[PDB]
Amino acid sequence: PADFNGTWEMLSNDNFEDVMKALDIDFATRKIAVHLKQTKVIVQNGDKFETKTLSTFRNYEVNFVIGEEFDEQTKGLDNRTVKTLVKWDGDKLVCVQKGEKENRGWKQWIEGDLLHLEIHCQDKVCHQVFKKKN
C-alpha cells in the first residue's frame, strides 16, 4: 500500500503525557519527554519494516513484518514485555500490543508528505505528526 520509507522529523506531539501517564511512566520522566523532538527513520521493503526513533529522550528500534507477531520490549517508554502484531488497514499500519495494559497499540499513516502516528493505551490517545525530510 503506502511508502513509509524516509526520515521524518516531528512537527507536533499532542496528548503524549496522557498516554505516558496511562503507562505508569513517572511524572518527572513525563516532564522530560514531553518537550523533546523525535525523528523517525524508516526502511520499508514490502511488508518488512525497520524503524528507528531518535531523540535526546530515548532512542529505540521497532522491526517487524506485517502479520508476524513478535515479542517486543518497549524500551522507549515503559519497558514492558508485550506481544506485538502489525497489520494493514488499507494504507495505514495498525498495531496491537498484547500485555498488561488494555487497549494498547498504535496506528500510523501518511497524508501527503506528513506521517501521522497515534499511540493509544486504555482510553488515552496521543497524536504525533512528522514531516518527511528531503
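Each residue number is its position in the shown sequence, starting from 1.
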ask   = Between 94-102 and 25-33, which has the larger average Cα B-factor in the PDB entry?
value = 25-33
query = Out of 66-74 and 83-91, which one has CA B-factors that are higher on average in the deposited record?
reply = 66-74
request  = Could you look up the Cα B-factor of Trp109 in the entry and say which third of the chain it sits in: lowest, middle or highest?
outcome  = lowest
task = Give the position of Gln128 by CA B-factor within its chain, expressed as the lowest, middle or highest third.
result = lowest
